[PDB]
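Beneath this line is the structure, given in structure tokens, with notes to follow.
Note that the chains take the letters A, B, C, D, E and F in the order they are written out, and that residue 1 is the start of every chain.
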Amino acid sequence: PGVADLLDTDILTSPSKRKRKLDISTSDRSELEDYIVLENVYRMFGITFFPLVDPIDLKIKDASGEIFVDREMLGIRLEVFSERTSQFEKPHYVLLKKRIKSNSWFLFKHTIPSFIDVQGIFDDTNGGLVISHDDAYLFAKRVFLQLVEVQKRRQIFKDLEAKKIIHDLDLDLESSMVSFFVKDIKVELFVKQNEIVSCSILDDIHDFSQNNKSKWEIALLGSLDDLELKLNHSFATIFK
Amino acid sequence: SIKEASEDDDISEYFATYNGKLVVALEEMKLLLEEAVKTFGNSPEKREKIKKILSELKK
Amino acid sequence: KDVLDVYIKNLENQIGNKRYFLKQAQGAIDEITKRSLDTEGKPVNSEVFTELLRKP
Amino acid sequence: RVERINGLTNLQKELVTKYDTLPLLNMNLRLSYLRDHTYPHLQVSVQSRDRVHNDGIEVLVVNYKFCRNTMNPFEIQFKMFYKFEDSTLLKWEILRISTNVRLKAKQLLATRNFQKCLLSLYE
Amino acid sequence: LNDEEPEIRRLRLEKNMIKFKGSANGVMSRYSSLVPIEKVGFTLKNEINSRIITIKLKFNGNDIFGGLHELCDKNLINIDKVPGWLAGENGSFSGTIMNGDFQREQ
Amino acid sequence: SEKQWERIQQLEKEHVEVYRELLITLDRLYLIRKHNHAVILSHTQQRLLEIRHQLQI
């Protein structure tokens, strides 16, 4: 008992005294809590910048023991939203490194698929190289445009299948090649970015005529959202 | 915009008496400003009106 | 699963408690170093250790 | 030794103990790159955060104010219903619109989407 | 150059785990890489004493980047001073490193 | 379910020997307080105290 006085069992007596020896205070956690919710609201836009550091270029001056970053790194996070699913897709990351000779950002690593040429978009920048953060925003904004656009043509075709207007279909990653299967007739479409440019009807019926084929293809032409409106009118003529 | 703000789904009388609403509002605003000027110089009120007009010009 | 897991948390629960006890005890032998003018001392009295053996 | 790094931590400690390529866990620094650089002259305020325990549905309301023009700033208030369990979300409505932008903002309501309305308004 | 707690030893193995594969768990024994590489040729150029100094590294094997992983596990080579190209970046891309950057060699 | 198995036997390891120097070092405090000068003691007294530890274990 004599040693028990000199030692301090206070952390055992009160559970609140046990915590920081074991570590986040309730006030700090609550003060931190609103930050995470704030960050998620900020990510609603879809284009964000996040800090990064290369583990290999870190060096120490040894004068005071501090650590300085040799080459600065800037990361771009791209997120897109889907209407039908109402969920965020897998984010795409683009990472930039700074040259040590002429302090200009250059593309280091990117997770953008091959059919989107992010390297070509980078070279379109006026000086051929990014200097400030605003200049990088234009590059990030445009890559987000195609990512939305390529995804945009996908859910609209899937919407038609969900409505049971047409039958089963298969489409590629870019959604350029779409197999328009609705009834005994088979149609193939060459769709441009967010615009329908070409369509091709393949099946031929005995009652079906070549003159009918020419005008049906022209009627099917138009905008992608207007395809559904023209879809009911054109097919109703077949069975009327 | 006008059709949702009309609440009666026809705007012919609105276009008809738009001008009348204007003139009546203007000349009652005349007596309002006359009473305010008679009461006081209203430097703060004049500044507020000028700022409101500037905001109207901006948007 | 959790019954083993909750047991695991009670490993370090006293361990963290008593490492603090150990560091307090280790620090406690360090005020006694400066309290004593000389580190070397005469042999402990026989009756003193008898009470130490008495202490459970 | 070993080090357990929290979200709130010293910058020098984070740099010393990092040996992998990942976003920095220091969050006060993270918001600096995101608010001061990515979206300048933008103010975001969260009014409240309340939970529905029966269904686990999160209700959130946020106000956006644009400081692009100090003489003519317009504020937009959004209300959204988080699923809080999956990546889905239930509904979204606009509580109020500033009178100087209600005409132009009306056309955005035709799009009926989250990213399209927010990104265009900032642009 | 001058060269134990089993809690520190497991961190040492995990540090090499992250560097060569990118994740602590790993994505697909455990030493194999995601994609094996048969031959790589790296040329390193640097400027010392106002002149160009170059060294050529040639490799051969079944999984060169996988094989380099265990050499760090055996403490033969230092994991801290591992260049990005040697770590496994640019898999199956034989190129020349110039002033800290990797250039495709054709 | 085997992962936590090998985890606890080492937890059984670093819990028992450090339990022992907590016994012996704290015994020094109750020796050293009544006699500040005397930190040394004969061999018998040191391992007669160890016999007390043996029975307690």
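Observations, loosely collected:
The working rule: a contact is a pair of C-beta atoms (placed from the backbone, for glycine too) under 8 Å apart; a residue touches a chain by one contact, two chains touch by 3 or more.
If you compare C-F with D-E, the chain pair joined by more contacting C-beta pairs is C-F.
Subunit D has its Cα centroid 38 Å from the Cα centroid of subunit B.
Centroid to centroid, with C-alpha atoms defining each point, subunit E and subunit F lie 47 Å apart. A straight line joining the Cα centres of subunit A and subunit E is 31 Å long. Centroid to centroid, with C-alpha atoms defining each point, subunit A and subunit C lie 59 Å apart. The set of subunit A residues that touch two or more partner chains comprises 6-7, 54.
Shown for subunit C are the residues in touch with two or more other chains, namely 12, 21, 25, 28. Looking at subunit D, residues 19-20 sit in touch with two or more other chains. Taken as a contact graph, with one node per protein chain and an edge wherever two chains touch, the assembly fits none of the named shapes, being neither a line, a ring, a star nor a complete graph. You'll find the chains touch as A-C, A-D, A-E, A-F, B-D, C-F, D-E.
If you check the complex, the residues on subunit D that touch subunit E are 2, 19-20. Put simply, subunit A touches subunit F in their complex at residues 2-3, 6-7.
Per the touch definition, subunit B reaches subunit D in the complex via residues 1, 54-55, 58-59. Across the complex, subunit E meets subunit A through its residues 82-84, 99-101. Within the complex formed with subunit A, the subunit F residues making contact are 26, 29-30, 33.
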